[PDB]
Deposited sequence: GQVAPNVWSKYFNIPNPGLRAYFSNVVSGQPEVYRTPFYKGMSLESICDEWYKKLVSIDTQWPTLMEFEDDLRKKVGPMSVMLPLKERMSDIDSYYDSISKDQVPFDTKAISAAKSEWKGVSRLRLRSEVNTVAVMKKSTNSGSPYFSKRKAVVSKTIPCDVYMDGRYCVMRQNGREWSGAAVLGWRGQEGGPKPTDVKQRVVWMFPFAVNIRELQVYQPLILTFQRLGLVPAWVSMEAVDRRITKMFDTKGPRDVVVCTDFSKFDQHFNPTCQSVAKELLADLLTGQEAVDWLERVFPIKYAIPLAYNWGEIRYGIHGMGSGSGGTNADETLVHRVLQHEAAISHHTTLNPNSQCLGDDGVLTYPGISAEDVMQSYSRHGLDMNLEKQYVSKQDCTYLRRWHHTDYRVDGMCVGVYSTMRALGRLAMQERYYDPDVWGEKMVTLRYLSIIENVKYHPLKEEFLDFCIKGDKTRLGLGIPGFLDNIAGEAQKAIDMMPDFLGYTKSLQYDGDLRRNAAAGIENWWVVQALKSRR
């Protein structure tokens, strides 16, 4: 745990007033519930109770959509309540304790079937440090050692080299050696209506130099898979929709579709899972630098130290460091092996229109059952809870959207985001934006980007009308000139970038959003 000052200064550039104040907020927590001005003067309860009166009209035509809405309404509530560090210690422990559950290795044929999906593909080369830096988000925090904006410390960071030496992460940055540690970050996820129901997500904020080295492989990997369409959720929700359609149209007429969920996937992504990820990357990669990368950069996300408080560092191997540049790449490649393994364990072939993304999957194969899947997956040390699994021949959920074989828009089984979930996010934010300092245009833009998720909901027009009420300036209709200049307003403002890399949140194309078109047509 606690290190003397002369140790701490090898991890972080000292003095660091901003890092001191960051950890002070980590210790004390953040207890206030942040409510938006959406339906100001009505409670969260009445907002949902009123929308529900309209919503129930879908229950006769689409009862399982009503069940999906009713399940997500139970989660509506605050997302801004950050517990004090002393109440999150067990959340940290789970990263280190969950990786030693009983676990057996993956089947060879499953690993080969996964590698077959990219048979003809141009092998990946590492992207240079310089080009990798240019592409990445550079306004976000550099982590250890500077805890600054990335753009300000590029030249103190590259050229860099990072590797594990035992339990230490050694980092050489433009000639100087530092010791690397992830900084304990936080995200809130709604999990009920009380302040104490906020889910306390553990975010590992990686050293800039580690993220650069990681992304030298993961940026080319994401790019290649996007163009090949291998992981639809890295492309778009419409690409997800098209593969959901293919899945429903090619499954056995009497087969179920199984929707799997992992409890604490990152924490259980143990060494057995890691070596499958390393093997698959090695098949995608080519050249000597890649061999070097696979031995020295790849392991860091599963073993980097954690700075969880100003004087305090935890060491040891652990599960997926939630927040790594390859957070979703490693897990999605291995989750795909799990899907193949389940069909192969039962003497059949995975329906290739099955999908997965980090801890979320939907699959089918001849004769599939949920119980076979759960057994096949969880023998690898992976935790699953049944009442979060879902099984049906006609519908499924994936990436918090409902899909039905018969619910088609222009031929496609489009995904229906929950109006209840969207209402919770319209009323409740994770951060405070003082009205006096950020203004109504930004709040309105946050609203539009939430509502846009329900663009395929059968009650989307009634839902938009409901949301127009509840906004004083009516989602932009009441702001002079705003809708006519929506592209430009949207650029002053500045989830898919998330699904591809980091896993924290769980561009003038805004003019093509359904919700914008729908508002303009209401003038």
Counting from residue 1 of the deposited sequence, where are the gaps with no C-alpha coordinates? 495-499, 512-517
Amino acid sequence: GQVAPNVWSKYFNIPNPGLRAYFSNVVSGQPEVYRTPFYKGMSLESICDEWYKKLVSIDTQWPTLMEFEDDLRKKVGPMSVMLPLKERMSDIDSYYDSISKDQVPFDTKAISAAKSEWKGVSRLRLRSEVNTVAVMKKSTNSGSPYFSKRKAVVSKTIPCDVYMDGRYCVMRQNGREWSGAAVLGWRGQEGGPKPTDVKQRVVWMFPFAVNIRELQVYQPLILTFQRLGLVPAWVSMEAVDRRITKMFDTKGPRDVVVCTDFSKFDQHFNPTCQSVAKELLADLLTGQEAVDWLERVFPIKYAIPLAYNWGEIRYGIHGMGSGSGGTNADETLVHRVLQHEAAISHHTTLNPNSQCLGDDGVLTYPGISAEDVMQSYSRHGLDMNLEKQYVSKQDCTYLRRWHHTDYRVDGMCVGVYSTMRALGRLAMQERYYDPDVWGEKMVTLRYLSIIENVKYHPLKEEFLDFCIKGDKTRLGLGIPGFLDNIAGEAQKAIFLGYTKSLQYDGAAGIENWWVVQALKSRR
From here on, numbers count along this sequence of modelled residues.
Out of 128-136 and 230-238, which one has CA B-factors that are higher on average in the deposited record? 128-136
Averaging the C-alpha temperature factors as deposited, the higher value of 317-325 versus 330-338 falls on 317-325
Candidate set 67, 471, 49, 462 [ranked by C-alpha B-factor, highest]: 49
If you compare 433, 95, 447, 208, which has the highest Cα B-factor in the entry? 433
Lowest, middle or highest third of the chain for the C-alpha temperature factor of residue 454? lowest
Please rank the C-alpha B-factors of the chain's modelled residues and tell me whether residue 27 sits in the lowest, middle or highest third. middle
Once the chain's modelled residues are ordered by C-alpha B factor and cut into thirds, is residue 390 in the lowest, middle or highest one? highest
Compared with the other modelled residues in the chain, in which third is the CA B-factor of residue 72? middle
Consider only the C-alpha atoms of the modelled residues in this chain, order them by B-factor as the entry records it, and name the third containing residue 293: lowest, middle or highest. middle
